[PDB]
Amino acid sequence: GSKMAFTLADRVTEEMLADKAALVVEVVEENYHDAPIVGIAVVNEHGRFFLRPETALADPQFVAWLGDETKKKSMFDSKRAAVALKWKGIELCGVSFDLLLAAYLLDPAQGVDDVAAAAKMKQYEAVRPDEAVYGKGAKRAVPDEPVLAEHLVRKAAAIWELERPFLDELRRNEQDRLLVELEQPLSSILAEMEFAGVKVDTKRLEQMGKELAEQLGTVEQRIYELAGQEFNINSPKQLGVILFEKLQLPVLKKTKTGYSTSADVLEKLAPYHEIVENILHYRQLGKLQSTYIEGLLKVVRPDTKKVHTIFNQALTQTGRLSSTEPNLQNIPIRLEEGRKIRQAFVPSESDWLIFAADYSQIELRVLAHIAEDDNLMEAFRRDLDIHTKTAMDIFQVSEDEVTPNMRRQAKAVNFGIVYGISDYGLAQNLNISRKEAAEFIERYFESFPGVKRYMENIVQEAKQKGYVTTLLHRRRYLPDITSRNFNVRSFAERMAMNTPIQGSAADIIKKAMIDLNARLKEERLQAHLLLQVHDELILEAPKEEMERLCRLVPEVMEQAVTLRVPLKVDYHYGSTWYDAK
DNA sequence: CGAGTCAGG
DNA sequence: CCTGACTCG
Ligand SMILES: [Ca+2]
């Protein structure tokens, strides 16, 4: 470990402000909202510089350089720095290259989380892993200034050298536009969404928490009665001892550890003993309480009564976003009790409203586009109820002969075909035999032979090329596609069929977000994006903007790309997220 | 901190 | 098929 030379600067000079630089604005805290910036590094043609943040960020020339978009910066995780700067009232502009997002497009499977891991991709090893410098556990700490300053300078030096080879490879992959015109501009939009946050009505939440605690308390006693003794209901082991050993309930399923107590199992067991539907009710209410009442309350900021999620833009293997702390992509919607949680998410100004627009069946629509199946494309061109139609074709019955159970099964087929669900997968979800499931699937392929062609083709393409691709050229490598293990190979085959479907739907909505943000600005609307939930966008805006958004938002989303079938977008607005339905 | 469970797509 | 949070041992 020899030293990399740099100026440990005590003040900002003009040569620190060239119009191209690798920049590091280092935020050590995992969650970067309102977090400290611990140090700054700049590398450019004139040399290598460490600046303390109290100096650099009080310097009006450095600040102006930060916000000048003609001063081009290369970074890693620009969103982290952008947001932590927004919290100090400082704008970051002119980020022309984000190494994190470059690594993520070249290979999402690398799990690139720091500069050093991106650097390894190009055999560059003169930089340490953040974990090696900072530590990990309760032991994660900012080191002393010489250790820190060298680490930041090494990171910036790595960014300066790696930009060339990352761009060369993106270019060869035809992903250069995906980075420059899609992921990098999206990064700025997510930063605004995160910084803006979502207002929470903590009273509504605390009241719901009271009612839940009362019910949960009733159901808790009833379970202790029905078992003739008290035990930890949240312990799957202890519960498994009450059900299958004290009460003698049949064992239909085992886990790898012991007895399964998963919902699926428990519904099957419901007829034999009363305590079963109480354990089910308890699980339901206990999830709402500990995760959605207690969990949400703990992360709202008492300064603003907002939650500020972080959208992970470089995590998922398909090009989706994810969301953390809080996860605002899994707020309950399916059952009414949980859905009421959404009444707690409110507009951030008085006389503003929540507006939600969602693609209708985007994944099936994309499948129809990519497979070019005549029947499926016709169904969408007719805007048919797609599950009813699938039931008609697979059971060869007419429309008003479709029973609700038949529609439910065609629906489970439509849900699974977008990832090439196997006969076993479908049998499981439908509670039927694998041979019956195989038949449904065989009937599906007779009605949608283009889907079948697609599934065979995409698997051959994954084998020959080594990867699959989405509409805007995102990639996923699938080395398991040739494995001699059947289970392993089967998974890779489902990933081959799913990834272009799911990833292309991620592409489209990401584009919609970019187009929407440009149109909102052109229109000078005060409306702004709050959330993305995979196929849905949630905004808040003045009440006076609602009629305009009813037209503009679906429009932008529908026209984001042009497929062989229309994209269809529904939209709703109201006083609270719950009411925007 | 792996496993299980369950919330969403 | 793609996720994240909570709890337990
Ligand atoms: Ca407990």
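Within every chain, numbering begins at 1; the chains are lettered A, B, ... in the order of the sequence lines, protein sequences first and strands thereafter. Only this structure's heavy atoms are used, side chains among them; waters, hydrogens and symmetry mates stay out.
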**Student:** Choosing from B:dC6, C:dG4, C:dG9, which nucleotide comes nearest the side chain of A:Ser262?
**Tutor:**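 For the A:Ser262 side chain, the nearest candidate turns out to be B:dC6.
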
**Student:** CG of A:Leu239 versus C1' of C:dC8: gap in Å, rounded?
**Tutor:**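 Taking CG of A:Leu239 and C1' of C:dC8, I get 13 Å after rounding.
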
**Student:** Output yes when at least one side-chain N/O atom of A:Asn234 is less than 4.0 Å from OP1 or OP2 of B:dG4, else no.
**Tutor:** no

**Student:** When the distance from CZ of A:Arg283 to P of B:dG4 is rounded to whole Å, what number comes out?
**Tutor:**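 Those two atoms, CZ and P, are 13 Å apart.
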
**Student:** Look at A:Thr257 and B:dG4 and indicate whether a side-chain polar atom (N or O) is within less than 4.0 Å of OP1 or OP2.
**Tutor:** yes

**Student:** Run the ring-centre check on A:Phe448 versus A:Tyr444 and record whether the distance is less than 6.0 Å.
**Tutor:**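 For A:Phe448 and A:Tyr444, the ring centres are under 6.0 Å apart.
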
**Student:** What is the distance, rounded to the nearest whole Å, between atom OH of A:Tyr292 and atom P of C:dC6?
**Tutor:** 10 Å

**Student:** Where does the angle between the aromatic ring planes of A:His33 and A:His308 fall among parallel (under 30°), tilted (30 to 60°) and perpendicular (over 60°)?
**Tutor:** tilted

**Student:** Under 4.0 Å, heavy atoms only, any strand: does A:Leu288 hit a base, just the sugar-phosphate, or nothing?
**Tutor:** nothing

**Student:** Can you see if the side chain of A:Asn327 gets near the phosphate of B:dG8 - specifically, an N or O under 4.0 Å from OP1 or OP2?
**Tutor:**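 Answer is no, no contact under 4.0 Å.
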
**Student:** I'd like to know if the side chain of A:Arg494 reaches the main chain of A:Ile421, judged simply by a donor and an acceptor atom lying under 3.5 Å from each other, with no hydrogens or angles considered.
**Tutor:** no

**Student:** Taking only the side-chain heavy atoms of A:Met495 (C-beta and beyond), determine which of B:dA7, B:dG9, C:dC2 contains the nearest atom.
**Tutor:** C:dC2

**Student:** Heavy atoms only, 4.0 Å cut-off, all strands: where does A:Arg339 land among base, sugar-phosphate and nothing?
**Tutor:**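 Touches nothing.
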
**Student:** Locate the shortest heavy-atom distance separating A:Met557 from A:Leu537; write the atom from each residue and the value.
**Tutor:** SD-CD1, 3.8 Å

**Student:** Under 4.0 Å, heavy atoms only, any strand: does A:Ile333 hit a base, just the sugar-phosphate, or nothing?
**Tutor:** sugar-phosphate

**Student:** Which nucleotide wins on minimum distance to the side chain of A:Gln238, given the candidates B:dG8, C:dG9, C:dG4?
**Tutor:**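 Minimum distance to the A:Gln238 side chain belongs to C:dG9.
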
**Student:** Between atom NZ in A:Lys287 and atom P in B:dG4, what is the gap in whole Å?
**Tutor:**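 Those two atoms, NZ and P, are 15 Å apart.
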
**Student:** Quick one: A:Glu325 CD to C:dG4 P, roughly how many Å, whole number?
**Tutor:**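 About 12 Å, once rounded to whole Å.
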
**Student:** Taking only side-chain nitrogens and oxygens of A:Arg494, does any of them come within less than 4.0 Å of OP1 or OP2 of C:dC2?
**Tutor:** no

**Student:** Check every atom of B:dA7, C:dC1, C:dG4 against the side chain of A:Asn498 and return the nucleotide holding the closest atom.
**Tutor:** C:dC1

